[PDB]
>>> print(open('query-v1.pdb').read())   # PDB, C-alpha atoms
ATOM      1  CA  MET A   1       0.000   0.000   0.000
ATOM      2  CA  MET A   2       1.902   2.992  -1.304
ATOM      3  CA  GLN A   3       0.216   6.267  -2.173
ATOM      4  CA  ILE A   4       1.057   7.721  -5.543
ATOM      5  CA  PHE A   5       1.107  11.408  -6.240
ATOM      6  CA  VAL A   6       0.407  11.937  -9.922
ATOM      7  CA  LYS A   7       0.718  15.312 -11.539
ATOM      8  CA  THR A   8      -0.651  15.746 -15.041
ATOM      9  CA  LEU A   9       0.160  18.495 -17.581
ATOM     10  CA  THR A  10      -2.130  20.862 -15.729
ATOM     11  CA  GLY A  11      -0.139  20.365 -12.591
ATOM     12  CA  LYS A  12      -3.025  18.749 -10.793
ATOM     13  CA  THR A  13      -2.397  16.415  -7.894
ATOM     14  CA  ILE A  14      -4.088  13.088  -8.613
ATOM     15  CA  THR A  15      -4.102  11.095  -5.399
ATOM     16  CA  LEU A  16      -4.452   7.294  -5.746
ATOM     17  CA  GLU A  17      -2.962   4.415  -3.771
ATOM     18  CA  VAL A  18      -1.458   1.216  -5.192
ATOM     19  CA  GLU A  19       0.668  -1.766  -4.273
ATOM     20  CA  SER A  20       4.464  -1.575  -4.052
ATOM     21  CA  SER A  21       4.611  -5.038  -5.546
ATOM     22  CA  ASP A  22       2.490  -3.920  -8.538
ATOM     23  CA  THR A  23       3.929  -3.456 -12.015
ATOM     24  CA  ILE A  24       4.709  -0.165 -13.756
ATOM     25  CA  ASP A  25       2.642  -1.085 -16.852
ATOM     26  CA  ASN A  26      -0.404  -1.687 -14.657
ATOM     27  CA  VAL A  27      -0.271   1.747 -13.074
ATOM     28  CA  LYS A  28       0.503   3.505 -16.322
ATOM     29  CA  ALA A  29      -2.516   1.738 -17.804
ATOM     30  CA  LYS A  30      -4.570   3.428 -15.103
ATOM     31  CA  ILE A  31      -3.156   6.830 -16.012
ATOM     32  CA  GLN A  32      -3.540   6.147 -19.752
ATOM     33  CA  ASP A  33      -7.141   5.061 -19.148
ATOM     34  CA  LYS A  34      -7.856   8.221 -17.147
ATOM     35  CA  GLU A  35      -6.405  10.775 -19.562
ATOM     36  CA  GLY A  36      -6.943   8.740 -22.708
ATOM     37  CA  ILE A  37      -3.360   8.883 -23.915
ATOM     38  CA  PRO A  38      -1.356   6.036 -25.568
ATOM     39  CA  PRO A  39       2.040   5.105 -23.930
ATOM     40  CA  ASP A  40       3.667   5.945 -27.257
ATOM     41  CA  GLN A  41       2.888   9.601 -26.620
ATOM     42  CA  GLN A  42       3.146   9.790 -22.850
ATOM     43  CA  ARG A  43       5.849   8.708 -20.489
ATOM     44  CA  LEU A  44       6.090   9.101 -16.740
ATOM     45  CA  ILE A  45       9.046  10.209 -14.666
ATOM     46  CA  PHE A  46       9.404   9.881 -10.917
ATOM     47  CA  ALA A  47      12.657  10.734  -9.101
ATOM     48  CA  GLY A  48      14.453  10.610 -12.428
ATOM     49  CA  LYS A  49      13.337   7.028 -12.819
ATOM     50  CA  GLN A  50      11.923   6.109 -16.195
ATOM     51  CA  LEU A  51       9.009   3.718 -16.560
ATOM     52  CA  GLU A  52      10.160   0.490 -18.215
ATOM     53  CA  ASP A  53       6.812  -1.362 -17.832
ATOM     54  CA  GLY A  54       7.460  -4.682 -16.137
ATOM     55  CA  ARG A  55       9.550  -3.673 -13.200
ATOM     56  CA  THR A  56       7.549  -3.270  -9.996
ATOM     57  CA  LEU A  57       7.362  -0.064  -7.980
ATOM     58  CA  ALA A  58       9.705  -1.529  -5.387
ATOM     59  CA  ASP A  59      12.147  -2.154  -8.260
ATOM     60  CA  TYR A  60      12.612   1.602  -8.290
ATOM     61  CA  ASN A  61      13.460   1.443  -4.579
ATOM     62  CA  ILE A  62      11.203   4.384  -3.631
ATOM     63  CA  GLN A  63       7.770   3.998  -2.094
ATOM     64  CA  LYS A  64       4.702   6.195  -1.281
ATOM     65  CA  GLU A  65       4.586   9.982  -1.804
ATOM     66  CA  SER A  66       6.303   9.576  -5.157
ATOM     67  CA  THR A  67       5.340  11.980  -7.946
ATOM     68  CA  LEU A  68       4.499  10.809 -11.475
ATOM     69  CA  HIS A  69       4.946  13.584 -14.016
ATOM     70  CA  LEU A  70       3.476  13.195 -17.511
ATOM     71  CA  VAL A  71       5.892  13.848 -20.332
ATOM     72  CA  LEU A  72       4.025  14.414 -23.593
ATOM     73  CA  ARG A  73       6.521  14.428 -26.422
ATOM     74  CA  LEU A  74       4.982  14.106 -29.852
ATOM     75  CA  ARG A  75       4.991  15.759 -33.268
ATOM     76  CA  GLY A  76       2.346  14.040 -35.368
ATOM     77  CA  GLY A  77       4.280  14.187 -38.595
TER      78      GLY A  77
END
>>> encode(input="query-v1.pdb", output="structure tokens")
Amino acid sequence: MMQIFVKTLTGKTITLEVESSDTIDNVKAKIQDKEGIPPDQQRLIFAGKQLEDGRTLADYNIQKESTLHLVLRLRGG
């Protein structure tokens, strides 16, 4: 049970709680589902740690009160 502090492009604090033993991809799928944004366009960064999708949250050593920032880097064409 670790609380996650998410902060979208608007700078809004989205407060949800998850499991430390959960997988990155599963939490990013929750974010993706919420904002409606494919992982190919959005990537999260917390404590300089990049989401690899497969590693658990504990695999990034840090626990609750972590901040997930959305990085939207795209061009279209």
>>> closest_residue(input="query-v1.pdb", among="A:11, A:24, A:77, A:70", to="residue 41 (chain A)", atoms="all atoms listed in the file")
A:70
>>> resolve_selection(input="query-v1.pdb", expression="the PyMOL selection byres ((chain A and resi 74) around 9)", output="PyMOL selection string")
chain A and resi 40-42+72-73+75-77
>>> residues_near_point(input="query-v1.pdb", point="(-2.1, 4.2, -1.0)", cutoff="9 Å", atoms="only C-alpha atoms", output="number ranges by chain")
A: 1-4, 15-19, 64-65
>>> atom_distance(input="query-v1.pdb", atom1="CA of residue 39 (chain A)", atom2="CA of residue 20 (chain A)")
21.1 Å
>>> atom_distance(input="query-v1.pdb", atom1="CA of residue 44 (chain A)", atom2="CA of residue 68 (chain A)")
5.8 Å
>>> residues_around(input="query-v1.pdb", residues="residue 26 (chain A)", least_positions_apart="4", cutoff="8 Å", atoms="all atoms listed in the file", output="number ranges by chain")
A: 22, 30, 53
>>> residues_near_point(input="query-v1.pdb", point="(9.6, -1.5, -10.2)", cutoff="12 Å", atoms="all atoms listed in the file", output="list in words")
residues 19, 20, 21, 22, 23, 24, 25, 26, 27, 46, 49, 50, 51, 52, 53, 54, 55, 56, 57, 58, 59, 60, 61, 62 and 63 of chain A
>>> residues_around(input="query-v1.pdb", residues="residue 10 (chain A)", least_positions_apart="2", cutoff="12 Å", atoms="all atoms listed in the file", output="list in words")
residues 6, 7, 8, 12, 13, 14, 35, 69, 70, 71 and 72 of chain A
>>> write_last_selection(input="query-v1.pdb", atoms="C-alpha atoms", output="tab-separated table (two decimals), in the coordinates of the input")
chain	number	residue	atom	x	y	z
A	6	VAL	CA	0.41	11.94	-9.92
A	7	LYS	CA	0.72	15.31	-11.54
A	8	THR	CA	-0.65	15.75	-15.04
A	12	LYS	CA	-3.02	18.75	-10.79
A	13	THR	CA	-2.40	16.42	-7.89
A	14	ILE	CA	-4.09	13.09	-8.61
A	35	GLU	CA	-6.40	10.78	-19.56
A	69	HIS	CA	4.95	13.58	-14.02
A	70	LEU	CA	3.48	13.20	-17.51
A	71	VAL	CA	5.89	13.85	-20.33
A	72	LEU	CA	4.03	14.41	-23.59
>>> axis_aligned_box(input="query-v1.pdb", around="region 64-72 of chain A", padding_each_side="6 Å", output="JSON")
{"center_x": 4.9, "center_y": 10.3, "center_z": -12.4, "size_x": 14.8, "size_y": 20.2, "size_z": 34.3}
>>> closest_residue(input="query-v1.pdb", among="A:33, A:5, A:43, A:38", to="residue 67 (chain A)", atoms="all atoms listed in the file")
A:5
